Amino acid sequence: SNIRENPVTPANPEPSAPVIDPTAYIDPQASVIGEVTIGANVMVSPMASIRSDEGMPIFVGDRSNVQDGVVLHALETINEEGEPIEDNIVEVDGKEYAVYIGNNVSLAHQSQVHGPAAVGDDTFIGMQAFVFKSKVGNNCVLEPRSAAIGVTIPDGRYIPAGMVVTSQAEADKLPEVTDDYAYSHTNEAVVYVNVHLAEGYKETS
Amino acid sequence: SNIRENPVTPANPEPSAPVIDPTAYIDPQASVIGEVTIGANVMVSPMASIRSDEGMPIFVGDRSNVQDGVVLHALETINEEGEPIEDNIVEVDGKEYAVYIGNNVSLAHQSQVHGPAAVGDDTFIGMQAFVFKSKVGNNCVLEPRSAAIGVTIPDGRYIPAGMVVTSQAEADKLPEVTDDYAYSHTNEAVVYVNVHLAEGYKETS
Amino acid sequence: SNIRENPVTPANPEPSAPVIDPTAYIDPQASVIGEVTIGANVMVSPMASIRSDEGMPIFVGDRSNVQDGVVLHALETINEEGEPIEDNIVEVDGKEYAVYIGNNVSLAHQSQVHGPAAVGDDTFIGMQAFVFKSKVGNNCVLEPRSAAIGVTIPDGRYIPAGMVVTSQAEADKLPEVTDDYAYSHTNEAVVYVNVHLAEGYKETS
Ligand SMILES: [Zn+2]
Ligand SMILES: [Zn+2]
Ligand SMILES: [Zn+2]
């Protein structure tokens, strides 16, 4: 099966199986492994790989979408000595995650979010974009081919296409999403469409 | 099966199944969904995802190749009210498409062409490259990691590796393919090889 | 099966099947085709595509890892007239390869190494990175989204995130890995974890 438990390792004594809301659609050509929670009405497309096999949960919130070829994975969060590596764990609303994807988030084709990372609600992570060791706020837009590494992206900001942001000084000066900005309504449209696609694909299964 | 119809949605009353020329080879580990036409002698490699589930056809012309990990998808072209979103439709030779890939085109590994987009004949779209909301002319070369977003690329131009072109002023001043240019003969070689690979893989099926 | 022989072509009279060490783990959702040798304790993750169908071997050394969505492929190394195209062949320790990946190498998620290319031992090829027509030395680090095209990267150097290196003058002046560098210990950690993951996944098969 393409939905599978993670293996036993020196840092993982008990295998976990994914917890998937019954209204989510997981394409048969996607792969979901290990300690993963997938919320309601989520669409996981062909060739996506969500792999949680190094400790700690990967969480994908309600009405989010994980498009074709997207990879979610995380650095080790528990060492061989059972010691939690706090640098590799993100905290959201009192709970620890390896990767936290909020509600109404679009992870567009071929993007990747690698833990430790958190992505806030109503954020569009554009095609081929990359997020690693970063917290991306709510209502953000990562344009195609942008990247955030090692930074916190404030709420309501966008990263222009192709820009690789690696310092907090840069992240603090990113431009704001405004109504006239080209991608200001992109995520709400993509979420609306993908929630309906998930329901349609479920009716073919 | 990995060749599938698209689902019924509020903007898609009738499911469509792919129309695939009998001389094309579709790898069993590729995914082809929905309103897609694939021409003669096309090779579709493992892990490619061609997904046409938001209205309007994705067309891949004769003797083109869609290499490993390539994604083709398109923005919605028909809204919930049956109204065609003309901004998301490209026109080629009197016909409307969500994504049009011409003849003798190579979409190299991990590239992505996202509709609305058209790619003219004898063009090489290099490894990891990205095309979105753009028309790429005939006899063009997108070097690896280049991108064209929101522009028209004139015939016979190349985009240097890593360059992200987002304005028409930039696109108009791209360099020309000449005989001495390093990638001037790359596409013709890749097409020749892939047409022969398609025939060889067909003989193993 | 997802482990397959390459097809007969005008430049490939005899099909080859992959040679895979019994201690390697190949995920069922990976694809391995043709003249490929995979060493001991290698982990090949979901959605990777290793395809050797244009002549000459792709070699992946012991204790290396090929992560999700990684593509390995190579340009033609033998023409239709049986003539070896020496420009497309790399030489390592007296033997010819299309792609040579050394021991203890991490090819991180969504990266791609396209032949002709060689990657030396104990090198980390970061997420979404790209190597083509290049020799990368031992103990190197390609940060996420970096690329090396047409160059030789000296031993013990790193390429900063997002940088596309296309000239030898640039490659010669890359910074050195030192103990205080952020990724100086990344590869050794990733190799340690992936060798243990390979053993755990083997125990579930
Ligand atoms: Zn990882
Ligand atoms: Zn799309
Ligand atoms: Zn190739």
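Every heavy atom of this structure was used, including side-chain atoms; hydrogens, water molecules and symmetry mates were not. Chain naming here is simple, since letters A, B, ... match the order of the sequence lines and numbering starts at 1 in each.
- Taken to the nearest 0.5 Å, the NE2 atom of A:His109 stands 5.5 Å off from the CD atom of B:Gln112.
- Rounded to the nearest 0.5 Å, atoms CZ (B:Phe132) and CE (A:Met127) are 4.0 Å apart.
- Counting heavy-atom pairs closer than 4.5 Å to chain A, the top residue among B:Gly150, B:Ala11, B:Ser49, B:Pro15 is B:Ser49.
- When each of B:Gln29, B:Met47, B:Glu54, B:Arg51 is checked for heavy-atom pairs under 4.5 Å with chain A, B:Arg51 comes out on top.
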**Prompt:** Do B:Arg4 and A:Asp27 pass the salt bridge (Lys or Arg N to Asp or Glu O under 4.0 Å) test, and can you show the C-alpha distance, the side-chain angles, and the key distance before you say yes or no?
**Reply:** CA-CA 12 Å; B:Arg4 285 187 262 161; A:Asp27 193 83; 2.9 Å; yes
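- Contact annotation: the side chain of A:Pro46 approaches that of B:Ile33 to within less than 4.5 Å [non-hydrogen atoms, C-beta and beyond].
- Heavy-atom pairs under 4.5 Å with chain B peak, among A:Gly69, A:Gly162, A:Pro144, at A:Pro144.
- Annotation for B:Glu188: atom CD does not count as buried by contact number, only 12 or fewer foreign heavy atoms lying within 6.0 Å.
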**Asked** Checking side-chain contact (heavy atoms from CB on, under 4.5 Å) for the pair A:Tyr201/B:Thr9: CA distance, chi angles, key distance, verdict?
**Response** CA-CA 9 Å; A:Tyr201 280 109; B:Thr9 66; over 6 Å; no
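- Counting heavy-atom pairs closer than 4.5 Å to chain A, the top residue among B:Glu5, B:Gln128, B:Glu76 is B:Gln128.
- Considering CD of B:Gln110 and CD of A:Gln110, their distance stands at 7.0 Å, rounded to 0.5 Å.
- With a threshold of 4.5 angstrom between heavy atoms, B:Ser1 does not approach chain A through any atom at all.
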